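A.B. asks: just the structure for this:
(2 chains, ligands or ions: 2)
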Amino acid sequence: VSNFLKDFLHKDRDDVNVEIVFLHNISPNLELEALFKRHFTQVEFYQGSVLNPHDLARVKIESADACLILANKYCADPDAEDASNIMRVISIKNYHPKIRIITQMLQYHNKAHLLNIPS
Amino acid sequence: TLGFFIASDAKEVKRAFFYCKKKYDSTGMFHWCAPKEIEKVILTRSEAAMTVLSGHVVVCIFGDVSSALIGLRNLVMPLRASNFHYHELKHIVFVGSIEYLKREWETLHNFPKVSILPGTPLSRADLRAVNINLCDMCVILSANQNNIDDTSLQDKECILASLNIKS
Ligand SMILES: [Ca+2]
Ligand SMILES: [Mg+2]
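C.D. replies: Numbers count the residues shown, from 1 in each chain, chains lettered A, B, ... in the order given. Ligands and ions are numbered 1, 2, ... in the order given. See the structure here:
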């Protein structure tokens, strides 16, 4: 989150009025809460999985500009983490297919699996 | 005798007695062919493309050596039931890993109209080879469904194969 937020809120980038709404089922620790309290006016957090359409309507993903998915690079199974990202893009496209998903994969064949989704 | 009724309640059903004003198997019920060969039923993509299959049945399987044996004999039995004719009997092709197909072929040999395509059910080229478009019904089965312990893997393959076929 820190490496993402510095690149997203950097002075060199044009001023951004866009807010950032996180969504993660694990409740954050005190240091992540302190990071949110730092970038208070620009970021909000909301606990929940992405595999719940009630959670997606709660974070207003249909009214959201673009969804982003950050993959765990350092994982013990580069296919299982790939699979979790697959299921996340599946759930977001199942709720609202008219949204822009910016995600990150771990191989090249998984790009075809992403292409399998109709939207 | 007794009458099998399909009404919406028990009390509605409780009105009938109240208101009164070789070519087959060794048994007969199925079809049996001689034990064929795994090399006879393995096809390649070009051979399956030249094999014209219209209205047929394709079965997708996500099986491996670590996966449990599903058991497909119960699946393929009422396809070869003798309530139709041999010309009416559909053709079946199995798409998946040849390891799981070898693990199950020792059960799967006494049945006609059965092919095997080793490969991957996610392969769009393999689906175009087996003509899923003309295929009457694609059946997507999963074998690793009771060894994986996560919704992320739970039916993940089945969902991908369905979405690829729809796309
Ligand atoms: Ca009822
Ligand atoms: Mg705010």
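A.B. asks: which helix or strand contains the most centrally placed residue in chain B?
C.D. replies: Centroid check for chain B by CA atoms, centre = their mean gives residue B:59 as the closest residue, at 5.0 Å. Using DSSP states H and E, residue B:59 falls within strand B:57-62.
A.B. asks: what's in contact with that strand?
C.D. replies: Here strand B:57-62 makes contact (CB atoms under 8 Å, 6 or more residues apart in numbering or on different chains) with B:70, B:72, B:75, B:79, B:90-97, B:100-101, B:121, B:127, B:130, B:132, B:135-144, B:157-158, B:161. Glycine gets a C-beta too; all of them are placed from N, C-alpha and C.
A.B. asks: same deal with stretch A:51-58?
C.D. replies: Stretch A:51-58 is contacted from outside by A:23, A:46, A:48-50, A:62, A:87-88, A:91-92, A:94-96, B:151, using CB under 8 Å, 6+ apart.
A.B. asks: narrow the residues you listed to those in helices?
C.D. replies: A:87-88, A:91-92, A:94-95 (DSSP state H).
A.B. asks: of those - the most surrounded one?
C.D. replies: residue A:92 (23 neighbours; other CB atoms under 10 Å in any protein chain shown).
A.B. asks: can I get the host helix or strand of residue A:81 as PDB, trimmed to CA atoms?
C.D. replies: Residue A:81 belongs to helix A:80-95 when assigned by DSSP H and E. Output of helix A:80-95 as PDB, limited to C-alpha atoms (Å, rounded to 0.1, in the frame of the first residue of the first chain):
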ATOM      1  CA  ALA A  80      -2.500 -20.600  -6.600                       C
ATOM      2  CA  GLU A  81      -1.900 -16.900  -6.300                       C
ATOM      3  CA  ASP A  82      -2.700 -16.600 -10.000                       C
ATOM      4  CA  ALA A  83      -5.900 -18.600  -9.400                       C
ATOM      5  CA  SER A  84      -7.000 -16.200  -6.600                       C
ATOM      6  CA  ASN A  85      -6.500 -13.300  -9.000                       C
ATOM      7  CA  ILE A  86      -8.400 -15.200 -11.600                       C
ATOM      8  CA  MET A  87     -11.400 -15.600  -9.200                       C
ATOM      9  CA  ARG A  88     -11.200 -11.900  -8.200                       C
ATOM     10  CA  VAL A  89     -11.400 -10.700 -11.800                       C
ATOM     11  CA  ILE A  90     -14.200 -13.200 -12.300                       C
ATOM     12  CA  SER A  91     -16.200 -11.900  -9.400                       C
ATOM     13  CA  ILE A  92     -15.800  -8.200 -10.400                       C
ATOM     14  CA  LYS A  93     -16.800  -8.900 -14.000                       C
ATOM     15  CA  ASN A  94     -19.700 -11.000 -12.700                       C
ATOM     16  CA  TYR A  95     -21.100  -8.100 -10.700                       C
END
